[PDB]
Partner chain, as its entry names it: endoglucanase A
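For reference, the chain that follows is the form solved without the partner chain, supplied as structure tokens.
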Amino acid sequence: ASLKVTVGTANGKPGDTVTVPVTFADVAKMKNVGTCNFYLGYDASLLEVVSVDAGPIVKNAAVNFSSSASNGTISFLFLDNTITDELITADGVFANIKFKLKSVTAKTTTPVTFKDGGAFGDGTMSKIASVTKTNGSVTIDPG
């Protein structure tokens, strides 16, 4: 059993803005998610982060979620130690990253990857044993 966290894929032309979702799977199996923090790396010479927003599975994001993107790194933080009804309990989109694509000489697929580890805790304040991380990417097709 393990929590599956996956970065999606997007494809676009330089100048386009695309959305790359980060999804959680097998949440219920893992006794839910009460806290987490991880980081994704992206190539700042190819992509520009326009914004990062909590997804549908995050309840009361204004209070429980925080994200910051600085050069090449995006930090994701979720913390709900006390309100049971605001715990992450369903599978789905945890966050949506909007990237603006920069120019490229030729078609390029650049990875959006998990970096610097992180931490994941269940609703019971216990470490989530196993987390399967899957990187995503953005394809920039010259135009």
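Numbering follows the first chain given and starts at 1.
Here the subject shifts to the form solved in complex with the partner chain, a form of this protein not shown in this document.
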ask   = For this chain shown on its own, do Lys4, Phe24 and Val52 all sit within 4.5 Å of the partner chain in the bound PDB entry, going by heavy atoms?
value = no
remark   = Picking from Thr35, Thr108, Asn32, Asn96, the single residue whose non-hydrogen atoms come within 4.5 angstroms of the partner chain in the bound PDB entry is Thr35
ask   = Heavy atoms within 4.5 Å of the partner chain in the bound PDB entry: which stretch among 24-32, 98-106, 59-67, 43-51?
value = 59-67
query = Does any heavy atom of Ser126 come within 4.5 Å of a heavy atom of the partner chain in the bound PDB entry?
reply = yes
task = Determine whether any heavy atom of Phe114 comes within 4.5 Å of a heavy atom of the partner chain in the bound PDB entry, and answer yes or no.
result = no
query = Does the 4.5 Å heavy atom contact test between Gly121 and the partner chain in the bound PDB entry come out positive?
reply = yes
task = Spell out, yes or no, whether the shortest heavy atom distance between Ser75 and the partner chain in the bound PDB entry is within 4.5 Å.
result = yes
